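J.: experimental structure and its sequence below.
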Amino acid sequence: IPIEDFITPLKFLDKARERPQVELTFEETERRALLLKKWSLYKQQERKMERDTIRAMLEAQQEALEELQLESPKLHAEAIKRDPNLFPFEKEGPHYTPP
Amino acid sequence: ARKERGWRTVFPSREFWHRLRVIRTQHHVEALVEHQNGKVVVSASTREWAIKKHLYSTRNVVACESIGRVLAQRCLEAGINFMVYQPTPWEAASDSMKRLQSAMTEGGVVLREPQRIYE
Amino acid sequence: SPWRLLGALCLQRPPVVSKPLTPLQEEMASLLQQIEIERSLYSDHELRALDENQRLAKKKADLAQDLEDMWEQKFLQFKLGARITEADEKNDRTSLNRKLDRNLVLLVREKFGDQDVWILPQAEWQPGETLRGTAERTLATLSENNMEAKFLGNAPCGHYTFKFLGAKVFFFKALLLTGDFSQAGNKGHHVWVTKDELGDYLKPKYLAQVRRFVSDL
Amino acid sequence: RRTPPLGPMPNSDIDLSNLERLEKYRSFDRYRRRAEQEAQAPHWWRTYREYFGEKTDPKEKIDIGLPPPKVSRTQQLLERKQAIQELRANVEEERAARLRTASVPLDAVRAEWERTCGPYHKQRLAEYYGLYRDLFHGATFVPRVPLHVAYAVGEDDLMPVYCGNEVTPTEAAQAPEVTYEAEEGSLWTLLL
Amino acid sequence: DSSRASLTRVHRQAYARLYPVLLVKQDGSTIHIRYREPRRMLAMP
Amino acid sequence: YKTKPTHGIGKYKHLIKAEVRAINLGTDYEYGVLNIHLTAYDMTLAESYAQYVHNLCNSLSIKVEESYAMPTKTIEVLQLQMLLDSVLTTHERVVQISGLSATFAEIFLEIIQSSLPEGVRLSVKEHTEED
RNA sequence: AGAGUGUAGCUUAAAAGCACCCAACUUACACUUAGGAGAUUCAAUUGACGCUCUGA
């Protein structure tokens, strides 16, 4: 029975004038726009870093296969296995203050 | 003179003598005036130092507008006063193409071709 | 074969504390909060404050910030479990309550004819188990610890050999779930080290190329 | 009865095994660019280009013109990169570009266009107007000297003659005023 | 590393202003959550 | 025309396709349909990481079957010194992906795990009965 | 110590075309619109800096 909160509640009706101050300033518009430009550059650098670590890690696992087929085939037969013991995986994100 | 009628199940239409075709790549803006032969009459791109040395960016609304002005000047000097522009709906509703069509119209180029005196 | 089948472990404790926000990032955080305020509506608190202000204006012509004051007093009372564990730990790189925003990997001091230096935890392939099995007996051949940890999967993560008839090193990977090391004064110098401090213990090919698979992000 | 294809089939080198692991075009524009590239490909079947295009000889149109100007690409590129660096270093340029209130000087653009790629654009205009076909029977020359020609109309007016603009015989009653940038010791010939 | 999808605002057209609130767990760990009222601090029993 | 070499230059239905549960590969291996559950107390931060997970799977060429939301649970906490209240909500977004090679698992997992945001939990399950 | 070498991620491209990043839209993706960041390792075909590969 699918019902969700993607719906808007009826409460939202006619009190949106807590912020009737859509009027920004020229300096504020410039500051916001320039900040967003610097955000675009930052996040491009971050995705470059993440692609680099992806490529490095896969490089190693393929190097594994390389230096596992240099030695022995039976070990490789288990190095390629769906290890059905780790799948249900949980990890809680980092908290702000330690316990 | 004949305009190439037909092709009424595909796009673009080939019933024109000249056409404005604009190519917005990732880095540059190129606008060409092409005969129906495929022969290119007059062209304006940001790949030229001509437009590069005055623009900040070669992919902005300013880039499309300035290419509009420069090709309009080249069209008037080449004698090309009329052409068809065949846009896509998102090109038509984009603001770069509005500034280009306004630049051509206010530079003298009329973007609708006159009809053929079939008789 | 002129090689020796040796596996190893890469037991990493996850970062516990959130990484601090860089200069650039904080500006957006302020900006995003600003536009969230500038595009919201219908705050029940704000409506209570505004309606009570207007009704008080009517009564004066002829509340909510008290709750705000109470909330701020209780928040001022509550101290936060601090995250300056650099000050809580000085420079004791053997304890697990060192740098909490970053990631630490285990490293124990060993002795060998080639190198009497720190190694990631080692095992030899007996003829009756998987290499994941070999890392799992490293888990029980360390020095009296209740390390409880998850193993990321059944596949290798590094091959950094040396020749001395060759120590083929078969670096695996795991993830520390909850466990802790017994005997805080462990005679085997276990040191819990980051990728940035990896150069205090790991010099070259067989041990310093591990930067390929230690993920600092 | 069947006859085997005379050459490669169009959608042939696409692997139909991993159709869901093959990349798709999600854009009408991207399909259109590929469509038009195939459309301009040669093709071994009967084509609109075969029946309607101009089938000129592949005689590789002989150049009959003065040799190309020689430039130093590294120095030119370095100068251009530094100039673009200065233009982007100007903050008001970024302000004007973001506010869409910038502009481009057409007179300067036209002058250095006449210096840089104007010769080749004029060559293409002449070829479109069929002047090489009718003057030199196919041979092409890049116009490497800007030949400024105008007609003195009124007392303070000139009607320029650029590349195919209309000039009435009333405006062309008397001889034009011409200017070609040259060096001393170079003899020349003008022909209308 | 835990910043990537952390920087984000409420991407809805009609939404209430949600206040930055610290929520302690039971082991004494705080997390930045969003709540309807400015209660700068909420305890979990 | 059928007798001509240009027969079928207009085929198009072999380029389109139209009319898997606990899939494996035998000697090689590849997991079945897996759901990335991503609950949080903040609808905002959950949605954001679900978007990040979807975008990284698309950049990693892992097939994403569907992004669907599991129902928001509003739980009420009552403490007394009747009791007062503090109504909390947990929102849960799930990214259902299909094809992950067993070698790649380590990498994908490490990366989603490392970037986990403050207060959002990742519970990767197989689609059997979660409906 | 010696070889393959050498345009940003890729190109029997020559300073390009695509890939890529942030906003708006979309549950999200995709599309689209607006923006964005970039490369020719260095000296008159070789010569001398960087990656990989081989060995001690």
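T.: Received it, and whenever you're ready, just let me know what you need. Residues are numbered from 1 along each chain as shown, chains lettered A, B, ... in the order given.

J.: got the phi/psi numbers for the one residue sitting closest to the centre of chain F?
T.: Geometric centre of chain F, nearest residue: residue F:95, 1.7 Å, by C-alpha atoms, centre = their mean. Phi and psi for residue F:95, reported as degrees, to the nearest 10, are phi -110, psi 110.

J.: need the contact list for it.
T.: Residues near residue F:95 by C-beta atoms under 8 Å, 6 or more residues apart in numbering or on different chains: F:35, F:36, F:38, F:50, F:53, F:54, F:57, F:64, F:67. Every residue, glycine included, has its C-beta placed from N, CA and C.

J.: just residue F:56 next, same as before
T.: F:111, F:112.

J.: quick check: it vs chain B, distance?
T.: Going from residue F:56 to chain B by C-beta to the nearest C-beta, to the nearest Å gives 23 Å.

J.: immediately after the one helix or strand residue D:125 maps to, which helix or strand?
T.: Per DSSP states H and E, residue D:125 falls inside helix D:118-128. Per DSSP H and E, helix D:118-128 leads on to helix D:131-135 as the next helix or strand towards the C-terminus.

J.: just give the nearest non-adjacent residue to residue D:182, would you?
T.: Leaving aside its sequence neighbours, residue D:182 sits nearest to residue D:188 (C-beta to C-beta, 6 or more residues apart in numbering or on different chains; 6.8 Å).

J.: by proximity to chain A, which residue of chain B wins?
T.: residue B:57 (11.9 Å; C-beta to the nearest C-beta).

J.: can you show me the strands along chain E?
T.: E:19-24, E:30-35, E:41-42 (DSSP state E).

J.: ok, residue F:105 - contacts?
T.: By C-beta under 8 Å, 6+ apart, the residues touching residue F:105 are C:152, C:153, F:31.

J.: isn't the second one up against residue A:86?
T.: Put plainly, it is residue C:153. Yes - contact status for residue C:153 versus residue A:86: in contact at 5.6 Å, counting by C-beta atoms under 8 Å.

J.: more crowded one of these two?
T.: Neighbour comparison, residue C:153 and residue A:86: the larger count goes to residue C:153, with 26 against 19 (by other C-beta atoms under 10 Å in any protein chain shown).

J.: for the more buried one, give me the backbone phi and psi.
T.: Main-chain dihedrals, residue C:153, degrees, to the nearest 10: phi 160, psi 170.

J.: got the contact list for it?
T.: A:83, A:86, F:102, F:105, F:106, F:109.

J.: any idea which element the fifth one lies in?
T.: With the criterion set as DSSP H and E, the secondary-structure element containing residue F:106 is helix F:102-114.

J.: dig out what residue F:40 forms beta bridges with.
T.: residue F:91, residue F:120 (DSSP bridges).

J.: that one: neighbour count?
T.: 25.

J.: ditto for residue D:34
T.: The local packing of residue D:34 (other C-beta under 10 Å) involves 10 other residues.

J.: isn't it up against residue D:27?
T.: No - with contact defined as C-beta under 8 Å, residue D:34 and residue D:27 do not form a contacting pair (10.4 Å).

J.: could you check how far the residue nearest the centre of chain E is from residue C:72?
T.: Geometric centre of chain E, nearest residue: residue E:33, 1.2 Å, by C-alpha atoms, centre = their mean. Per C-beta to C-beta, to the nearest Å, residue E:33 is found 18 Å from residue C:72.

J.: against residue A:51, how distant is residue A:45?
T.: 11 Å.

J.: if you could redo that for residue D:147, that was the one I meant.
T.: 55 Å.

J.: same check on residue B:10?
T.: Distance from residue B:10 to residue A:51, counting by C-beta to C-beta: 40 Å.

J.: could you do residue D:132 as well?
T.: Taking C-beta to C-beta, one finds residue D:132 at 52 Å from residue A:51.

J.: give me the more crowded residue out of these two.
T.: A direct count of neighbours by other C-beta under 10 Å for residue D:132 and residue A:51 places residue D:132 higher, at 17 against 11.

J.: so that one is in contact with residue D:138, correct?
T.: Yes - here residue D:132 reaches residue D:138: they are 6.4 Å apart, a contact under C-beta under 8 Å.

J.: what is in contact with these two at once?
T.: residue D:61.

J.: quick one on the thing from earlier: so which of the strands of chain E is the most packed in?
T.: Burial of the strands of chain E is given as mean neighbour count (mean count of other C-beta atoms under 10 Å in any protein chain shown); strand E:30-35 ranks first at a mean of 21.

J.: which secondary structure elements does it contact?
T.: strand E:19-24 (3 or more C-beta pairs under 8 Å, 6 or more residues apart in numbering or on different chains; DSSP states H and E).

J.: hmm, try it at 10 Å
T.: strand E:19-24, strand E:41-42, helix F:43-59, strand F:87-97 (3 or more C-beta pairs under 10 Å, 6 or more residues apart in numbering or on different chains; DSSP states H and E).

J.: who does that strand pair up with?
T.: Strand pairing (DSSP bridges) places strand E:30-35 next to strand E:19-24 (antiparallel).

J.: now find how far off-centre the strand it pairs with is within its chain.
T.: 5 Å (C-alpha atoms, centre = their mean, to the nearest Å).

J.: what's that strand in contact with?
T.: Contact partners of strand E:19-24, identified using C-beta atoms under 10 Å, 6 or more residues apart in numbering or on different chains, comprise A:95-97, A:99, C:29, C:33, C:43, C:45, C:71, C:75, C:78, C:80-81, E:29-44, F:41-42, F:86, F:88, F:119.

J.: run the angle between that strand and strand F:87-97 for me.
T.: 90 degrees (axes from the mean of the first three to the mean of the last three C-alpha atoms, to 10 degrees).

J.: if we can go back for a sec, list the residues that contact both of residue D:34 and residue D:27?
T.: By C-beta under 10 Å, 6+ apart, no residue touches both residue D:34 and residue D:27.

J.: which residues do residue C:153 and residue A:86 both contact?
T.: In contact with both residue C:153 and residue A:86: C:132, C:174, F:105, F:106, F:109, using C-beta under 10 Å, 6+ apart.

J.: give me the beta-bridge partners of the second one?
T.: In this structure, residue C:174 has the following beta-bridge partners (DSSP bridges): residue C:11, residue C:151.

J.: wait, isn't it in contact with residue C:14?
T.: No - Residue C:174 is beyond contact range of residue C:14, at 11.6 Å (criterion: C-beta atoms under 10 Å).

J.: which one of those two has more residues nearby?
T.: More crowded of residue C:174 and residue C:14, by other C-beta under 10 Å: residue C:174, with 24 against 16.

J.: what distance do you get for the more buried one to residue C:138?
T.: 9 Å.

J.: now for the two: what residues contact both?
T.: What both residue C:174 and residue C:138 touch, as defined by C-beta under 10 Å, 6+ apart, is the set C:9, C:11, C:106, C:121.

J.: against residue E:20, how distant is the second one?
T.: As judged by C-beta to C-beta, residue C:11 and residue E:20 stand 36 Å apart.

J.: go on, the last one?
T.: Counting by C-beta to C-beta, the gap between residue C:121 and residue E:20 amounts to 43 Å.

J.: ok, now the third one?
T.: Noted for residue C:106: a distance of 37 Å to residue E:20, by C-beta to C-beta.

J.: please apply the same query to the first one.
T.: With the distance defined as C-beta to C-beta, residue C:9 ends up 40 Å from residue E:20.
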